[PDB]
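As given, the protein sequences belong to chains h and s, one line each in that order.
Position in the first sequence (from 1) plus 1 gives the number in PDB author numbering.
Position in the second sequence (from 1) plus 1 gives the number in PDB author numbering.
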Amino acid sequence: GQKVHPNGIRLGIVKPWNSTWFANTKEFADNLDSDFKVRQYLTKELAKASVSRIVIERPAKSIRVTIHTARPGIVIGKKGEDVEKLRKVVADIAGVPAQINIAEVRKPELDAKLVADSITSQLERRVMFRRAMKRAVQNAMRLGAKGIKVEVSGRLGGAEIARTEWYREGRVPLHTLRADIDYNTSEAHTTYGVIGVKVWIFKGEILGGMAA
Amino acid sequence: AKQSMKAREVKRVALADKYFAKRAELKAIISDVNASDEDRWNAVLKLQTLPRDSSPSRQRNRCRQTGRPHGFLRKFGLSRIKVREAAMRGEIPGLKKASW
RNA sequence: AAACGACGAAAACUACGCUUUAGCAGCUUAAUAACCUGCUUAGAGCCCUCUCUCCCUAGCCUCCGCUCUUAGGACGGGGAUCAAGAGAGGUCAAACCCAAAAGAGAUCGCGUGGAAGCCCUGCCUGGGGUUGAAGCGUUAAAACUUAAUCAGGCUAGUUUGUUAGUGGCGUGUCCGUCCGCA
RNA sequence: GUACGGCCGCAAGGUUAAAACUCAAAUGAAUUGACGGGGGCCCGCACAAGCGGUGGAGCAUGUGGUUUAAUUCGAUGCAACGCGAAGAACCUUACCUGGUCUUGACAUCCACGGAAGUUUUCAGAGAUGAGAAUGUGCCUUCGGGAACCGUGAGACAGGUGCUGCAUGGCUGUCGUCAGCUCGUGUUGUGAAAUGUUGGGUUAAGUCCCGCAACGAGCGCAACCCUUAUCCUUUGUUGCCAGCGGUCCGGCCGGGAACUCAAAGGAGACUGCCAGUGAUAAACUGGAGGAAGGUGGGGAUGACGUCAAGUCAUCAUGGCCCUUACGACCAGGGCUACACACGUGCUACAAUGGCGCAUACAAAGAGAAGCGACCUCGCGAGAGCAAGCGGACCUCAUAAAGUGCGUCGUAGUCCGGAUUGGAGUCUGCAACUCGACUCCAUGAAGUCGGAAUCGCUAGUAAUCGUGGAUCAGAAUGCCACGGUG
Ligand SMILES: [Mg+2]
Ligand SMILES: [Mg+2]
Ligand SMILES: [Mg+2]
Ligand SMILES: [Mg+2]
Ligand SMILES: [Mg+2]
């Protein structure tokens, strides 16, 4: 409750948005709800495949959903028809004609969500929490990142007291307005309660801002 | 986000979008002085025994996602607490913190 | 009032793994080395999936939506199998990706000049309004026109005003000679 | 170092000197925090200096208490109290009063039947009971299907009920205060220390020097958003530098020098000359400069503190109610009251009110909309109503200013509240409970104790305008410029 949310301050410098179509004060509540529904359905449909980001667009009364994942095999399916099969249901949800795109990420351990994922899975399957934390740190460090701050709140390792713990390797700035700060948060459900996982990742210095 | 209050609001739309023509013509007739007293009285008496909760200006504008009965904004159709988390995540095409 | 610290030294998807090559980096006098690493690409070991090397056919396509049909190209339809080689990929498909059509041309849908209902008019006579209800016509046409004709058994002499019998529970439950409506 | 015992002494007592019994501790040197009614230094409208205000008096919501059926929930020193609530007549909103219910108002589900559905008839204030006039909307093998209704339970609902002492998320304060740590090395047997300390300097752990310190992270600044000089690009709905007609209006003929419009940049960096300072860092002057030392404003809130505040935005592990804490609509009350309080508007009158020419802003909102004209109304606005998702039209002749007149120090031609009535906007309905209007009574109050708060420059202080909430209902909130 002290630090500012970094995405909301990095929106207008380097970090791209997740919804930037054109509405006029009438249908964006509806567009926002449709985006939320399609994202929450995509999460439940691809809870196994590691999925990090979902972006939306609305060119000329048509919805385009772009998914950035690391296991496109499950979503594509055999003979490349499951993607169209689920495009049918997302088009039914969105009403307007729909199309979907896949932006499979090579070496995606630098993605905030996919680096905060599978550690929730290890905690759920009762793997040691300290082992999971150190594995996540080493995996996020070995790919060339310059710093990952992940915050874990609530019953560390299925404990009985909601405590606060956080590791930090490298350097993770939060006040610099040029540093690419990929931020996300996830939750783990266990037999003893719920745990929160917040992740900041410092990609490095990026000058020139947008337009590559 | 009470479920009991989340149905009355949608009823107040699903019933107010049906009596649009009759109410509009009645308002025009009773607003134009070029009418008859008996006809206007009969029209207002017929209008008043129409279901009360079907009036247009009898429903408070309710938030879309959470239904907070205060701070409803026309621009986003969402309350302040939800528009904060929406603009902070970045789903609003153009919402950046500002500085004049 | 309390608050310990033990075993990724029980690496929990392999992202196909499995092989191997250059450099980088953590290591330290400088280095190597294990791998501690990711990281450009090489080739095939080894399981692979798809289009294939099969033949038949010349399929083939696209502006006009249909058509013999026209420069043309990356254009391409059926049946069993794969001997050994070749493109991709890894539970890979839409979008991203690369440049398109020449004409003839019936024109079906699509817009009709004398009429069946709604307008004095609640049955129905209205040519004064009209619909594909009648001639007809290409990416379009041989234009063309739902309102204003007085008035009829037009809810039918008893429903509008005289007025009359009993084919009425009349009245606090009420039998009650009777007041009161038809 | 006590009793007994021996000695000494007039005495006070001295000297020699035990035993029984209790405990697992009693201690000293040093380190880190903490504390002191210990000290030193430094900083911030913290004081001082100033200038305006709050306690004195109408009124407004808000707070505690009281009353009440409830006066709906939480917030409770800074850091709650013009707070959520960016606008409570019913609806509303969770409170109160009467009545209807039961896998329920709203969620998936089977046995099937009716297209869903549109107008009205009635009893009830209503809650929802009867029902008719009706429609048969597209589709497989017609042991029919989607969609919507209807019933029968059980698989289910529902909770603004509580637990912010289970929590997530969020927020405020300490505090944009300047510190909070780590790696290696070194020092001490060790806990631990250095770095982080000390002089200059600053807004700063900002910079320099010295010193076993050397470096790094979160950190102080910058990178982000506007203003301030200048360059180019594009010239419409805008400008008329120059030229022309001209209805005297930029109307167009024209154009891109300018103001403006949005895109990319030059640009202030101790860059300089002098003094001071340690031949440093820096500070002070001056020169250029549009701007000078951070050029000027805003977001960005470092580890951590307050079982800090919300299970009432939301989700949420447990209790919980399951023929009612779930659910039904109508009428009230959240707006009341012998009271005390935070905050602000309104006034004290000669820089001030009364009226008549007259002037200069920015930025905004607009289709269930913004809504020019015109006819009217002493006034609110009524009718008719052009244009416009808008550099086009509306909201919107802005004022303070200015030149005149006028009043003359008086409860005042100040002050505009309470009162009876009148219509108007507005939404089915303003007795509880709107606002506007103007005719009429014209309150209080006449710079207000102790206390007390805000500001260091285009800021205090004054004047008006704009924006969101919403049928209307701002002295509250957020912005904008003028004076200064
Ligand atoms: Mg839990
Ligand atoms: Mg003695
Ligand atoms: Mg010092
Ligand atoms: Mg200077
Ligand atoms: Mg309203």
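The beta-carbon is built from N, C-alpha and C at its ideal position, and this holds for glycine as well.
Query	Result
Assigned secondary structure, s:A29 (DSSP; H/G/I helix, E/B strand, else coil)	helix
Distance CB(h:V15)-CB(h:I207) smaller than 7 Å	yes
Residues within the region 76 to 96 of chain s neighbouring chain h, beta-carbon criterion of under 8 Å	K76, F77, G78, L79, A87, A88, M89, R90, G91, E92, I93, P94, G95, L96
Bridge partner(s) assigned by DSSP for h:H69	h:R54
Endpoints, beta strand (DSSP E) assigned at residue 1 of chain h	No answer is possible for residue 1 of chain h: the residues shown for chain h start at 2 and end at 213.
Chain-ordered chain s contacts of h:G9 [CB-CB under 8 Å]	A88, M89, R90, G91, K98
Inter-residue Cα distance where the pair is h:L157 and h:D112	23 Å
Backbone CA spacing between s:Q66 and h:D31 [nearest angstrom]	10 Å
Alpha helix (DSSP H) runs wholly inside the region 91 to 153 of chain h, at least 4 long, in chain order	113 to 117, 120 to 125, 130 to 143
7 Å Cβ cutoff met for s:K76 and h:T67	no
Where the alpha helix (DSSP H) through s:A44 begins and ends	38 to 49
Supposed close pair h:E166, h:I149 - CB separation, criterion 8 Å	Between h:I149 and h:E166 the Cβ distance is about 14 Å, and since that is not below 8 Å, they are no contact.
Supposed contact pair h:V76 and h:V84 - C-beta distance, whole angstroms, cut 8 Å	6 Å
Per-residue contacts from s:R65 into chain h (C-beta, under 9 Å)	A30, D31, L33, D34
Closer than 6 Å: h:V153 CB and nearest ligand 6 heavy atom	Ligands displayed in this structure: ligand 1, ligand 2, ligand 3, ligand 4 and ligand 5; ligand 6 is not among them.
Residue environment, h:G209, which counts as buried when at least 16 other CB atoms sit within 10 Å	exposed
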